[PDB]
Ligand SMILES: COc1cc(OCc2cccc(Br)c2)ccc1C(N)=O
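Have a look below at one chain only, the form deposited without this ligand, in structure tokens format.
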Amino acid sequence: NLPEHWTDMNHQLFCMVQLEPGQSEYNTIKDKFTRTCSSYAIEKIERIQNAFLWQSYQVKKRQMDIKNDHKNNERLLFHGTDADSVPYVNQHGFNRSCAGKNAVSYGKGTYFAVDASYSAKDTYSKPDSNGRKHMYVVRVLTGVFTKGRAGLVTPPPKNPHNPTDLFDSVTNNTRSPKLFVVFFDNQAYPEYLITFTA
């Protein structure tokens, strides 16, 4: 079941679809971005239609919904990256083995921001040769989360006496989360690519 609102991809498995401003789908992403990035301007927003990534992500979403007690397991988050990474993320998603060490490390995993502003820093969304910055808008299975720790390679157990019964993700602060870290493949779907400039 690929979402019915996607463009027909004609038996092909990947497509980047450029959105039209004035449509709700474009305007809602612009507003979530501009709420903390008013100093920047969007060149374009592309919807990522990746059938394999969607299938694997929605399988993990279904399992986390079954495992957790009627939780909102999914957040819409931002990820700034450099241009060299964009073809790889587009095709293969977020690979923790490729992840930057974050300035404040709450674990060795893939980082995702509540605020576009955080992802808009040049450290993440490194401007390319043409001054273009790249930011993903990402469905993330944050699930049940705890404050992380720089040493984590997996999320911590909820209970030290049950080592395999893990939290889903970790955050910088559980009362005001600004960051989430995930430690497993297909726990994040890159849904949109915002291309933007100063």
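Residue indices: 1-based, along the sequence shown.
The same protein has a further form, the form solved in complex with this ligand, not shown here; the description that follows concerns it.
Once this ligand is overlaid from its position in the deposited bound form by fitting the nearby C-alphas, are 3 or more of its atoms within 2.4 Å of backbone or C-beta here, so blocked, or is the site open?
Blocked, since after superposition 3 or more atoms of the placed ligand lie within 2.4 Å of the backbone or C-beta atoms.
Check residue 19 for me: does it contact this ligand in the deposited bound form (non-hydrogen atoms, 4.5 angstroms)?
No.
Though only this chain appears here, would residue 89 touch this ligand in the deposited bound form if you measure heavy atom gaps against 4.5 Å?
So residue 89 does not count as contacting this ligand.
Evaluate residue 105 for contact with this ligand in the deposited bound form, applying a 4.5 angstroms cut-off between non-hydrogen atoms, and reply yes or no.
Because a heavy atom of residue 105 falls inside 4.5 Å of this ligand in the deposited bound form, the answer is yes.
This ligand is absent from this chain, but in the deposited bound form, do 152, 155 and 183 each have a non-hydrogen atom within 4.5 Å of it?
Negative, none of the three is within 4.5 Å.
Sequence order please: the residues of 66-97 with a heavy atom within 4.5 Å of this ligand in the deposited bound form.
In sequence order, 78, 79, 80 come within 4.5 Å of the partner.
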